[PDB]
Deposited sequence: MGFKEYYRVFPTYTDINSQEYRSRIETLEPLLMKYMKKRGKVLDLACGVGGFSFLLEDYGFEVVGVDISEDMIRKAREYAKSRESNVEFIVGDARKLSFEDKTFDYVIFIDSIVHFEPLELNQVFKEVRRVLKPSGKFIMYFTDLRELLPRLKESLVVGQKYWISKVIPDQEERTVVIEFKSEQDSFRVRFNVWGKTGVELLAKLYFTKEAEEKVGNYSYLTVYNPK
C-alpha cells in the first residue's frame, strides 16, 4: 500500500468512518475471545490507532507502533480528542527497540501487504522476541492469493506470482505483496505454535499464536 491509497480511502485512516468501524466491530468480539486476561499490548503497524483505543477501553495497557510519521501524527490527535493514554511511537516492525519479553500481547492487523517474505520473516522474529513466553501473537490477514481471481469485484489487476506481488489500478496504482494462508503460516511455524484460528468472511483469518 502507499500514500495516495491511504489518503483516498478511510478504511485505515478515518477511525470514525463507517468503513473503519465495520472492521473494529467485526474483530472486536474475536479479539476478546482470546484476550480475556488483561496485560501489556503492542499494536504493531497500528495505523491511526483505532484498535489501540478499543483495547485501551477494555482495560489494556497499550503501545502503538507504526513506520509512518503521518499515521502516528493522526493517531496522537485521535488520542488527544479521546483523552487516551495510549503511547504511539514511530518505529519499524522489522526491528523494534523494545526489550525481550516485554509484551503479553502483540496484535498485527491488515498489514502484510506491506511486507515481502524476508521482511515478514524479520517481523515474526521480532514479535516472538518482544513477546513474553506466556504471551500471545494475534494477527488478522487476508489471503489475497485466493482473493486475486475474483478481486475486481477498480480498473485493472496486474498480478505477478513470479514475484508474489500485484498491481491494482483504481487515477493511481498500488503494488501489494501477495500472501496466501499457506505462505503466512509456513513462516509462522518457524517462531510460533498456533493456539486458535477463526475464519472471517470468504478468505480472511484471525490467528492466535504462542511464541516458542
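Taking the first deposited residue as 1, the stretches without any C-alpha atom are 1, 155-163, 181-185.
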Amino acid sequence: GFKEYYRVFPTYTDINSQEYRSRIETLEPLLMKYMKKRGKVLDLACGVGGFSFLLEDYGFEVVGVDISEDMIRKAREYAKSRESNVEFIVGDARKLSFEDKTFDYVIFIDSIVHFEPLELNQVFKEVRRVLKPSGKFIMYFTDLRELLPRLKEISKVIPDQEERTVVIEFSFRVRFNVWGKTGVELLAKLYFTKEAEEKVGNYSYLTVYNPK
From here on, numbers count along this sequence of modelled residues.
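A summary of the deposited B-factors shows that, of 180-188 and 52-60, the stretch with the larger mean C-alpha value is 52-60. In this entry, 77-85 shows the higher mean Cα temperature factor of the pair 101-109 and 77-85. Among the modelled residues of its chain, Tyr209 has a C-alpha B-factor that falls in the lowest third, as given in the PDB entry. When the modelled residues of the chain are ordered by their C-alpha B factor, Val174 lands in the middle third. The entry lists a Cα temperature factor for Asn16 that places it in the middle third of the chain's modelled residues. Annotation for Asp70: C-alpha temperature factor in the middle third relative to the rest of the modelled chain, per the entry. Sort the chain's modelled residues by C-alpha temperature factor and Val166 lands in the middle third, per the entry.
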